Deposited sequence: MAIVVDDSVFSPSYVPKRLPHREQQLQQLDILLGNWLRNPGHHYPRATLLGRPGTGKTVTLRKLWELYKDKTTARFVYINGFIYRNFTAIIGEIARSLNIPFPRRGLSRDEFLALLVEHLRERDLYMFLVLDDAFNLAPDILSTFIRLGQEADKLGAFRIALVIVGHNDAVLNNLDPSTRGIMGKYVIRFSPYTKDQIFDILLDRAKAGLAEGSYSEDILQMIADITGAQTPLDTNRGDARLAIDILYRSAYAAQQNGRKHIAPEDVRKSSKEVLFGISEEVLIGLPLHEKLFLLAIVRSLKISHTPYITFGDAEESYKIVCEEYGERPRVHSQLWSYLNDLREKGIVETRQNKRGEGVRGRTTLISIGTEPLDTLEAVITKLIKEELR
């Protein structure tokens, strides 16, 4: 089998190391460590911000894992995707803290009072995480933000609070006072780059797949599909997606009776979770850019290899041109076509020296659509 340990691919797996998150984990340690060792002398609070898949939840889980046996605090994890209103959240806090509810229906204030009484009378210390807190109404978020400041009612600073959002809107939608408590304890998780995605995936492959079933080039292909090139490219950089594609590709290969992941397993897996290549964006390419994309498609079909060289594509492109009765454009022109296809997300390139891959669309179907379009233009 290719897949030797599938738990290494589930959402809940917490890897041994978190490459590229050493800084955020350190920051968290700095905000929380003293209080976890000796709680109740000040109110620790942080806000973790970053797009989906930038390691916010995993980083926080790793922090807990390091302190789990070295603290009296209770880790009360609240997934804001699931528990959104006051009643749902206080109920999950109460369950996590074993606080029995009364027979009578309680008001919002009664509930908070009950939670304060239990924290105080049982001398408890809660590390409360409100994950994906953009899901809550701002008034709920403020209630919990303000609770940790009430040391005289609590008896100590009994609450350390981490809240998690995608961007600054989770804080900006708070009233000014409330915003005052959390601002400047902000830890930012930027979209992962291609190289960082690769390092994450290599760890997963080493832990979860058979030795020799995956190559560095295959992981690089998936990282080229998912990693952010520049940090403002916030629609990429998602490690969840990258790991999901790796696992889907390993399984596709295995189910087909193969021992090694091939480029087509990645393309098909990528298309199940991502937008593939738009026919609309193909139609608009100039003729020779279509022919050059057809050429890259033909070389990659022949190579069975994630990447082909620019020289390969150009030799393929001369053959393609003569088939379709066209004279081939010159090297520098092909170079600009490659630049444009890369800018549009149609192809991915990496330096060796230039390597080209098509990771987002199965080649048999791309090849058919591009051929159709060329045939129509040359009809």
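Discussion item. If I number the deposited sequence starting at 1, which residue ranges have no C-alpha coordinates at all?
Written reply: The deposited sequence has unmodelled segments at 1, 354 to 362.
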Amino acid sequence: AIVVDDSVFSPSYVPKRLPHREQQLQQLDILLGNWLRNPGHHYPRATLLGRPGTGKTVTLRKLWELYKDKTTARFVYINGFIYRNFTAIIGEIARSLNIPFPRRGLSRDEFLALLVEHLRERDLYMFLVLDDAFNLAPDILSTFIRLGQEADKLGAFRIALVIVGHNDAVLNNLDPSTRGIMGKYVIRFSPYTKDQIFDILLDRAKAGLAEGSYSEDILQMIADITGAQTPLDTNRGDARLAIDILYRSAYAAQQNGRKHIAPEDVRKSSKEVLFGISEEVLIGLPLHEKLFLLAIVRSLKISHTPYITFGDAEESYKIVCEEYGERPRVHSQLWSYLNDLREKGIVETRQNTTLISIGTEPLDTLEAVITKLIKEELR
From here on, numbers count along this sequence of modelled residues.
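Fill in: Greater mean Cα temperature factor according to the PDB record, 134 to 142 or 197 to 205
Between 134 to 142 and 197 to 205, it is 134 to 142 that shows the higher mean C-alpha B-factor.
Worksheet item: Do the C-alpha atoms of 279 to 287 or of 101 to 109 have the higher average B factor in the entry?
Response: Higher mean C-alpha B-factor in the PDB entry: 101 to 109.
Fill in: Which of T309, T226, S269, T230 ranks first by CA B-factor in the deposited coordinates
Checking the PDB record, the top C-alpha B-factor among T309, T226, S269, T230 is at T230.
Discussion item. Checking the record values for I222, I181, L128, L294, which has the greatest CA B factor?
Written reply: Among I222, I181, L128, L294, the PDB entry lists the largest C-alpha B-factor for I181.
Worksheet entry | B-factor third for the C-alpha atom of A88 within its chain | It belongs to the highest third of the chain when residues are ordered by C-alpha B-factor.
Worksheet item: Against its chain's modelled residues, does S215's Cα B factor rank lowest, middle or highest third?
Response: It belongs to the middle third of the chain when residues are ordered by C-alpha B-factor.
Practice prompt. Please place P15 in the lowest, middle or highest third of its chain by C-alpha B factor as given in the entry.
Written response: It falls in the middle third of the chain.
Item to complete: Pull the Cα B-factor of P176 out of the PDB entry and bin it into the chain's lowest, middle or highest third.
Response: Tercile = highest for this residue's CA B-factor.
Worksheet item: If you rank the chain by CA B-factor, which third does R350 end up in: lowest, middle or highest?
Response: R350: CA B-factor falls in the highest third of its chain.
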